[PDB]
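For reference, the structure discussed in these notes is given below.
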Amino acid sequence: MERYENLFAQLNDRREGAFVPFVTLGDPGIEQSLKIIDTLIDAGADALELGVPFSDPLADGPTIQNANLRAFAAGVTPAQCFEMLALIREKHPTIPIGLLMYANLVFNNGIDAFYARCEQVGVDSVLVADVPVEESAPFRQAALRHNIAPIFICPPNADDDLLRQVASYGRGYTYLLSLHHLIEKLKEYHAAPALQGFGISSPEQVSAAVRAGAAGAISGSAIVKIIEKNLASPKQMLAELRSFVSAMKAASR
Amino acid sequence: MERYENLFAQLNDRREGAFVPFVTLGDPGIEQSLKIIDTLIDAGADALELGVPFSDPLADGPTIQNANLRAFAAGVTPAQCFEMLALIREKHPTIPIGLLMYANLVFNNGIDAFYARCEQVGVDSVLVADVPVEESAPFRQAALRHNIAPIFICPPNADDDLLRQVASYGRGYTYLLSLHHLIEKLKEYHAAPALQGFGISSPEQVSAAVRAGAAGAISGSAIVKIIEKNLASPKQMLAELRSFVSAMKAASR
Amino acid sequence: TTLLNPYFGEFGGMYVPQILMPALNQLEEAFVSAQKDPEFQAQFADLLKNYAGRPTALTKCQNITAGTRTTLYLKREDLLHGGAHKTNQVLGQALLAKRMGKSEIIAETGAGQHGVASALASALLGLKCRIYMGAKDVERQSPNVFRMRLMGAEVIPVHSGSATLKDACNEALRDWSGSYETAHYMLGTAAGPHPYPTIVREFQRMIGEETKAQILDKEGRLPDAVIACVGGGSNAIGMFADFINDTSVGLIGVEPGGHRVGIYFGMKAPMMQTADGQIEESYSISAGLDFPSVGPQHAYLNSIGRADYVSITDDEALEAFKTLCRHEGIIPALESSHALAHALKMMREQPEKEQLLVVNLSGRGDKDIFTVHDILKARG
Amino acid sequence: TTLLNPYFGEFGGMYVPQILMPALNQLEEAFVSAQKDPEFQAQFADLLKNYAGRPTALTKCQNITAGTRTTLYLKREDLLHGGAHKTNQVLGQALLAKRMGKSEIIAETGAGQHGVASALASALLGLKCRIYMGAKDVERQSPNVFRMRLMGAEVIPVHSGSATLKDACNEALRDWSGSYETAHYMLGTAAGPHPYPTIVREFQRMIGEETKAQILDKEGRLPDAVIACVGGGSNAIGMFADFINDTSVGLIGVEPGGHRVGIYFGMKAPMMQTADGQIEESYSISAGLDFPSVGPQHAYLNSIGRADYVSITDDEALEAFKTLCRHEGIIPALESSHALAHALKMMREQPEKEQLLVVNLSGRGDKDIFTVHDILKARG
Ligand SMILES: CC(C)[C@H](NC(=O)Cc1c[nH]c2ccccc12)C(=O)O
Ligand SMILES: CC(C)[C@H](NC(=O)Cc1c[nH]c2ccccc12)C(=O)O
Ligand SMILES: *Cc1c(COP(=O)(O)O)cnc(C)c1O
Ligand SMILES: *Cc1c(COP(=O)(O)O)cnc(C)c1O
């Protein structure tokens with residue numbers, strides 16, 4: 001599978017960027033999560049980024065923090081997370097699916113084995129947020145043996161040596177953490207297409223990202239706040255996601 | 001005045017010992033205390049030993065401890081104590097009256113002046129319980145300038161040097177703390207006649223004291239327990255003191 | 002890259018997000034500098050000695066060993082300023098914070114002991130101090146919170162999540178990711194990402210150093226064994242380090258017995288965790304030994320045989336606590352009472368073996384008197 | 002007779018009943034012996050150093066004196082085993098008890114601090130310990146009572162009288178009058194009948210001794226003044242004694258200001288008392304300074320000019336308490352905070368006078384945190 005390459009070649013044919021929403025799998029319940037995700041895609045999401053509930057998300061803040069809670073409360077295991085992944089793929093054959101994970105869950109039953117399970121359910125990439133590039137060898141190696149793209153975060157405090165490693169080791173996309195120059199350098203080293211993430215919550219910010227050279231934008235707190243705010247009116251919540259996604263995606267032209 | 005000499009010369013003429021009760025002045029009230037004392041004398045007491053309520057009676061135990069309490073509660077000052085002393089004398093011209101005191105009260109308004117006040121109300125002796133013989137000079141000197149007999153305790157743990165000082169410095173009587195040999199030594203040095211005190215509560219003990227050579231016995235806890243036990247039946251309390259005193263005094267023959 | 006190896010065999014590493022790598026590289030570089038700067042040495046020395054009260058006493062305990070062939074000494078870290086060994090390393094980390102021109106300390110704390118330590122070090126060195134603490138731990142540790150604030154620290158009660166250390170600790174990292182130019186993250190034990198297991202050991206190593214000179218002066222030989230309690234492992238590594246190369250000296254680590276390898280807290284180490292991999296919480300009568308994991312240097316020393324690690328239960332710990340107060344007049348911290356309980360079992364299970372034992376008495380137990388009182392009275 | 006003069010000028014003496022004179026003569030004779038016995042010296046030394054943690058630190062306090070011309074050092078008795086200077090003299094008295102072949106210690110205690118000290122000393126030396134305490138003081142000092150009993154002491158709550166120290170103390174004397182052959186009465190301060198004011202001073206005098214060597218090493222000259230708080234006067238006499246013959250050294254005693276000569280507690284001394292002569296009770300935020308009187312050696316030193324005695328109020332004491340925690344990270348006992356408050360007024364009232372000051376920090380303030388908390392919250 002080569003789903004990131006194909007989505008970017010396509011969007012370039014249309015001079016468009018990617019709009020990629022993030023949610024926490026199983027929030028606020030297994031079945032409502034599936035409907036939310038399907039709504040995102042239907043509204044125009046180009047790829048998905050998904051999280052798995054984890055006891056210590058040290059790279060995360062509050063709207064998000066509260067989604068994990070709602071997740072552990074409804075009784076979601078990792079196992080249920082993978083069945084969900086499996087059916088999301090069975091429903092949508094070409095959309096790239098990306099996971100955002102922490103290290104202990106990938107290490108628990110064997111690194112090799114976590115990436116075998118992702119490949120079996122049809123996951124396209126995994127970003128391990130608390131694994132810096134300097135320590136990423138066994139994860140990148142595992143990922144690639146199972147056809148999974150290993151993702152790296154390129155920080156704002158990146159220096160040259162860092163971009164070069166990031167370019168050299170990531171595949172599918174680069175995670176550009178909230193920039194123009196960093197974007198040029200990435201392209202100069204032939205890095206995977208950059209997606210800008212953190213803080214994207216309005217159409218003007220997606221356009222600004224495409225205009226700067228990013229191949230697209232990842233929106234996670236904004237989505238998740240729409241879910242928080244709307245826990246008691248599933249219908250409206252879905253209606254809200256749909257207008258939001260549709261507009262963010264329009265701003266990617 | 002020479003009231004101790006006279007009482008002992010007399011009792012010797014009758015081959016008798018002295019029986020000397022002790023109470024706390026003002027217990028359980030000023031006026032009831034006066035009636036108690038008068039009852040003691042009427043029942044046959046040969047001399048009196050009196051205490052003045054003091055905030056820290058370190059040479060004292062419980063029945064006694066509780067008499068001081070009852071004393072401070074009824075509102076007794078030292079001043080009231082001396083007026084009482086004065087009227088006790090005005091009522092009984094020959095009975096020796098002895099005080100048992102602690103040092104801070106004798107030192108407070110002037111040593112000299114405390115012994116002037118005792119001589120003015122007709123007190124015959126003062127024992128300062130927390131003043132050892134080694135430190136007694138200013139108290140003995142004061143006492144004697146005002147015609148007051150300074151009293152010393154001769155302990156059971158007395159050695160020779162001690163008896164000699166006691167003999168040499170006390171006047172009126174010696175306080176023999178609860193013994194035959196100590197009694198002989200005292201007489202051999204011509205000490206003031208010994209009265210045995212502490213623990214005297216039955217007729218056989220007064221006889222035993224006289225037989226051993228003591229010139230008499232001091233009874234304080236036994237008296238005071240009769241008062242404690244009888245706080246609500248003044249009549250009976252007085253009746254009890256009278257039988258008790260009378261019997262103790264009979265045992266002094 | 003780094004200047005020093007971040008791993009002890011297979012354990013250890015720097016498992017943090019990329020954004021905190023420059024802060025770890027900066028600290029490692031500064032510590033490496035300071036270790037070679039006489040002036041930094043002289044300055045750490047001055048604090049130790051004239052402020053914290055080092056060297057500390059090594060006391061013999063004949064009333065406890067009478068009738069056996071053991072001789073027991075206790076290394077008296079309970080007489081350090083502050084009542085525990087933590088004061089050593091927070092002093093060294095506060096001086097490093099200053100060498101890197103930092104003006105602010107961030108910390109996290111469970112029962113409050115590290116929080117008080119970090120606060121007294123910051124007050125002395127003129128640093129601002131912000132301490133993170135789970136709100137549940139905050140309601141139950143009123144004295145310690147108040148001691149932090151008297152010392153000028155801001156204590157931030159953390160209300161999200163389970164509102165326990167987890168969450169306090171995750172919030173501290175996120176503050177350090179935006180403020181690392183001016184704030185130093187003061188970790189409280191010999192665990193976490195490199196370079197901390199290293200830093201912490203070398204800031205606690207005067208313990209075993211002192212103990213080694215003291216024992217040589219008093220007995221003319223090294224101990225048969227050195228015994229220390231282990232939560233994250235700082236007092237123990239600090240007692241063990243100078244003896245590692247003395248192969249005849251036994252090194253015993255004592256973990257809480259109360260009633275598997277993973278990657279967490281920035282390090283690869285053995286961990287208390289579920290089937291699915293979510294980190295659990297360890298439980299002990301003594302809140303100071305509740306650490307789901309253990310420093311990577313201890314994991315290494317076990318893998319190779321150089322040190323053994325044993326456990327002691329709550330009741331055995333309480334028994335040693337009672338024994339020391341009654342026979343020595345020393346009230347020990349319940350963490351250090353697990354260590355002493357192990358040396359008492361060694362003595363009592365083999366009363367005619369000749370053995371010279373040193374126990375690290377990591378801290379005083381005044382702070383445990385209510386815990387112990389409440390236990391004694393719930394059982395009669 | 003006695004071997005040593007029982008009076009300091011006019012103050013002092015042995016105002017006890019005759020029956021306790023042989024017990025005082027025996028103690029004086031034994032102390033006089035021990036002071037000339039190398040082996041007793043070596044033994045007291047060994048306890049001090051390897052058990053209690055002497056010498057203690059002398060710390061400078063630049064964060065407090067910044068901007069003035071004062072340099073302030075604190076003598077760190079709060080780092081002694083036990084958290085206060087009392088541990089020094091209870092160790093010396095426990096060893097004397099053993100030289101006289103006593104097997105039992107009797108003591109009295111108000112808030113419990115002397116009681117804990119006497120208990121830890123007895124546990125170490127193998128002495129039985131009975132501690133008298135007023136029942137009202139017993140209900141309010143639960144932690145300290147419990148610390149006594151953990152240490153094997155019997156605490157006897159005294160129910161008669163006002164059920165306060167008075168009464169505890171009078172009961173202790175009466176027990177000592179029947180058991181002096183086998184029990185030693187361990188007085189808690191430099192007051193009472195001879196020979197105690199003397200004993201206590203020479204068992205606390207390593208304080209000023211150490212301070213004198215330390216200050217000579219660090220500054221090259223003696224202090225302009227040494228400042229100590231006074232309840233019965235033991236920490237202060239122990240800091241002042243080695244400097245008495247150094248006439249340029251100012252000696253300042255600090256008594257509690259809270260919001275006449277008499278004979279009591281076995282001694283002739285200035286006392287707090289009524290019109291009629293009944294001893295009153297002194298009041299202070301700090302229970303440790305409530306002593307109706309003061310040791311005879313302090314009374315003497317004042318009469319002749321050699322030392323001055325001043326007062327500090329509760330609020331001034333609380334302010335110095337806050338200042339030390341915030342600027343030095345040291346939490347001081349509220350008794351010693353009266354002493355530091357006086358040195359802060361000397362500094363602040365005359366900020367350009369050059370003065371080298373040493374304050375005796377007699378003990379740590381962990382034990383006062385509830386008192387201080389309850390005050391802060393009753394006033395906002
Ligand atoms: C939720 C979404 C991913 C973005 N959060 C982050 O970019 C920062 C962050 C926190 N933890 C991370 C793990 C992986 C990638 C980015 C992460 C957001 O929408 O604010
Ligand atoms: C009450 C009477 C005096 C006797 N008490 C004492 O002898 C002992 C004692 C305690 N305090 C004393 C002061 C003076 C003399 C004797 C004293 C008694 O009857 O038990
Ligand atoms: C903090 C603490 C501990 C445990 O932590 P470590 O890092 O293992 O040493 C043990 N004892 C005391 C007294 C403590 O304060
Ligand atoms: C006991 C105590 C005191 C007061 O008693 P002194 O005999 O005057 O020294 C002062 N400070 C502390 C900390 C105490 O424990």
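Protein chains in written order, with full-length UniProt numbering: chain A, 1 to 178, 193 to 267; chain B, 1 to 178, 193 to 267; chain C, 2 to 260, 275 to 395; chain D, 2 to 260, 275 to 395. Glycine included, each C-beta is placed from N, C-alpha and C at the ideal position.
Check, Outcome
"Start-end ranges of the alpha helix (DSSP H) lying completely within the stretch 128 to 200 of chain D, minimum 4 residues", "136 to 141, 143 to 151 and 166 to 180"
"Chain D residues whose Cβ lies nearer than 8 Å to that of B/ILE153", "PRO18, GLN19 and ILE20"
"Residues that DSSP places opposite A/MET262 in a beta bridge", "None; A/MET262 has no bridge partner."
"Residues passing the C-beta test against ligand 1 heavy atoms, cut-off 5 Å", "A/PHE22, A/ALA59, A/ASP60, A/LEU100, A/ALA129, A/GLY211, A/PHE212, A/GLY234 and A/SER235"
"Nearest candidate by alpha-carbon position, reference D/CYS130, set D/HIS185, D/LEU80 and D/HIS260", "D/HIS185"
"Simplified DSSP assignment, three categories, for B/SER168", "helix"
"Start-to-end residues for the alpha helix (DSSP H) that takes in B/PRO21", "B/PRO21 -> not in any alpha helix (DSSP H); beta strand (DSSP E) instead, spanning 18 to 24."
"C/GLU369 (DSSP reduced to helix, strand or coil)", "coil"
"Beta carbon proximity, D/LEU376 to chain C, threshold 8 Å", "no"
"Closer than 8 Å to chain A by CB, C/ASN171", "yes"
"Nearest neighbour of A/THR39, chosen from A/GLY51, A/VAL224 and A/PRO21 [CA to CA]", "A/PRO21"
"Chain C within 8 Å of D/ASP381, Cβ atoms only", "yes"
"Reduced DSSP category for D/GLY344 - H, G, I as helix; E, B as strand; rest coil", "coil"
"Selection of the stretch 125 to 145 of chain B by Cβ proximity to chain D, strictly under 8 Å", "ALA129, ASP130, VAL131, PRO132, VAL133, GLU134 and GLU135"
"C/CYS62 (DSSP reduced to helix, strand or coil)", "coil"
"Against chain D: residues of the stretch 76 to 91 of chain C by CB proximity under 9 Å", "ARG77, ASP79, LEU80, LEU81, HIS82, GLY83 and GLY84"
"Within-8 Å CB hit, D/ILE294 to chain B", "yes"
"Member of B/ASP56, B/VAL131, B/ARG140 and B/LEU200 whose CA lies at the smallest distance from the CA of B/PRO156", "B/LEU200"
"D/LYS87 beta carbon near ligand 4 (any heavy atom closer than 7 Å)", "yes"
"Residues near D/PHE280 by beta carbon distance below 7 Å, same chain, minus five either side", "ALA192, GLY193 and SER308"
"Buried or exposed (CB count within 10 angstroms, at least 16 for buried), C/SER143", "exposed"
"Segments assigned beta strand (DSSP E), at least 3 residues, entirely inside the stretch 25 to 50 of chain A", "none"
"Residue-level contact to chain C via CB, A/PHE22, 8 Å cutoff", "no"
"Buried versus exposed call for B/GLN210 [16 or more other C-beta atoms within 10 Å across all chains shown]", "buried"
"Proximity test, Cβ basis, 8 Å: C/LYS129 and chain D", "no"
"Partners in chain B for D/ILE278, counting only beta-carbon separations shorter than 7 Å", "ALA103, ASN104 and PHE107"
"Residues near B/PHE139 by beta carbon distance below 7 Å, same chain, minus five either side", "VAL106, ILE111, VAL128, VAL131 and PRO150"
"The stretch 134 to 149 of chain D touching the stretch 89 to 106 of chain D, judged by at least three CB pairs closer than 8 Å", "no"
"Near ligand 4: D/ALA335 beta-carbon under 7 Å from a heavy atom", "no"
"Min CB distance C/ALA58 to chain D below 8 Å", "yes"
"Stretch-stretch touch, CB-based, cutoff 8 Å, three pairs: the stretch 337 to 349 of chain D with the stretch 313 to 326 of chain D", "no"
"Outcome for D/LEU339 when other beta-carbon atoms lying within 10 angstroms are tallied against a minimum of 16", "buried"
"Contact the stretch 15 to 31 of chain B vs the stretch 67 to 86 of chain B: 3+ CB pairs below 8 Å", "yes"
"Chain-ordered neighbours of D/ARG341 on chain C, where CB pairs are closer than 8 Å", "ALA124, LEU151, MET152 and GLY153"
"Proximity below 8 Å, CB of C/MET101 to CB of C/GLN27", "yes"
"A/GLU135, buried or exposed, once every other Cβ within 10 Å from all chains shown has been counted against 16", "buried"
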